[PDB]
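Overview (structure and organization)
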Number of protein chains: 2
Amino acid sequence: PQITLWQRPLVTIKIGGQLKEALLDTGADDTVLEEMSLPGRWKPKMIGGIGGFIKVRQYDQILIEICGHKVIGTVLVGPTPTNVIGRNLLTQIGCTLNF
Amino acid sequence: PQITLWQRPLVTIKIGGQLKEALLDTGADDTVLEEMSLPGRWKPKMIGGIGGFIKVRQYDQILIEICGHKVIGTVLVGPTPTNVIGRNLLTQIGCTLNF
Ligand SMILES: CC(C)(C)OC(=O)N[C@@H](Cc1ccccc1)[C@H](O)CN[C@@H](Cc1ccccc1)C(=O)N[C@@H](CCC(=O)O)C(=O)N[C@@H](Cc1ccccc1)C(N)=O
Ligand SMILES: [Cl-]
Ligand code: NA
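Residues numbered from 1 in each chain as written, not as in the entry; some residues may be left out. Chains lettered and ligands numbered in written order. Heavy atoms only, no water.

In terms of determination method and resolution, the entry is listed under X-ray crystallography at 1.65 Å.

A word on the overall build of chain A
From N to C terminus, chain A includes 1 helix and 9 strands. Mapped in sequence order, the helices and strands of chain A form the string β-β-β-β-β-β-β-β-α-β. Against the 2.2 N^0.38 benchmark of 13 Å for 99 residues, chain A shows a C-alpha radius of gyration of 13 Å, consistent with a compact globule. Overall, chain A is about 40 × 30 × 20 Å in size when its C-alpha atoms are taken along their principal axes. Here chain A, with 99 residues, has 46% of them falling under the buried criterion. When contacts within chain A are restricted to residue pairs at least 6 apart in sequence, long-range pairs at least 24 apart make up 49% of them. Carbon and sulfur atoms make up 52% of the accessible area of chain A, which totals about 5,100 Å². Considering chain A, the positive charge centre built from 10 side chains and the negative charge centre built from 8 side chains are found 5 Å apart. (Helix = DSSP H or I, 4+ residues; strand = E, 2+ residues; numbered from the N terminus. Rg over C-alpha atoms; globule rule 2.2 N^0.38 Å. Buried < 20%, exposed > 50% of the residue type's maximum accessible area, 1.4 Å probe, protein only. Contact = heavy atoms within 4.5 Å. Areas by Shrake-Rupley, 256 points an atom, 1.4 Å probe, with all protein chains shown as cover. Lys, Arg positive; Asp, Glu negative; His and termini not counted. Charge placed at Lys NZ, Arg CZ, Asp CG, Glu CD.)

Looking at the layout of surface pockets
As a volume, the largest pocket reaches approximately 1,100 Å³. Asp25 and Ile50 of chain A together with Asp25, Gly49 and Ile50 of chain B are, among the 38 residues lining the largest pocket, the residues nearest its centre. When residues of the lining of the largest pocket are traced back to their parent elements, those giving at least two are β3 (18-24) and β5 (42-49) of chain A together with β5 (43-49) of chain B. Tallied by class, the residues present in the lining of the largest pocket amount to 17 nonpolar, 11 polar and 10 charged. (1 Å grid on protein atoms, 1.4 Å probe; cavity = no way out; pocket = protein on both sides within 12 Å on 5 of 7 lines; lining within 4 Å. Points joined across faces, edges and corners; volume = space filled by probe spheres on them. Nonpolar A, V, L, I, M, F, W, Y, C, P; charged D, E, K, R; others polar.)

Observations concerning the nonpolar core
Membership of the largest hydrophobic core comes to 46 residues, with the highest contact counts inside it found for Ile66 of chain A together with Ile66 of chain B. Apart from residues no more than four positions distant in its own chain, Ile66 of chain A is found in contact with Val11, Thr12, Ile13, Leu24, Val71, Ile85, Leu89 and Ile93 of chain A. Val32, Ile54, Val56 and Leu76 of chain B belong to the second-largest nonpolar core, a separate cluster that totals 6 residues. (Core = buried A, V, L, I, M, F, W, Y, C linked by side-chain atoms within 4.5 Å.)

What follows is the structure in structure tokens.
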């Protein structure tokens, strides 16, 4: 519904049959998850943030359920310290910022 | 206002007499600005993100105008490729995520 930001906006996701926690990140163009097993054909990618760059595997058309909200989109998998849900999926769940 | 996320949520800020653009980032605990002179006392800090860690200068009690909303808070200055407004200031403008 509506989430304040006094604490990290952590949500439960279900992806690839697995339950995880992930951060809702409006600062992220892309969705980036810690190393995991995704079936299908991926492509090598490199992405950047504060600190520098990492290599990821780009998985397209992956089902993920965010707060029980089904979305299908690209997920990058690689050596990120946390699971980040980026704008590519935040748009599909109709997410906005408000103030 | 309400801001969708089809595009990066970039906003105009006024800080230290200067106008800049910055990213509203719910994934950021802290507010991190590219190099800039700020007056007064500051403390050394390290912060991390997707690719690694950086050294920043921490400034407290700094006035920032974000979309015409004045807030006073801590601002980190350092080698970030982008100006990021983090939750420490997003809360002060009463910002929420909604879906
Ligand atoms: C993830 C991709 C798609 C590659 O995009 C970004 O990294 N976008 C960044 C925007 C940007 C663009 C250009 C240049 C620089 C930055 C966001 O800030 C990403 N948001 C989160 C994603 C994240 C969260 C947690 C872990 C890893 C990555 C972030 O870095 N947040 C930082 C922002 C810096 C800050 O707030 O101080 C954070 O909260 N860092 C914490 C937590 C932390 C600790 C240790 C390692 C990593 C993170 C910290 N206290 O250092
Ligand atoms: Cl996508
Ligand atoms: Na993407």
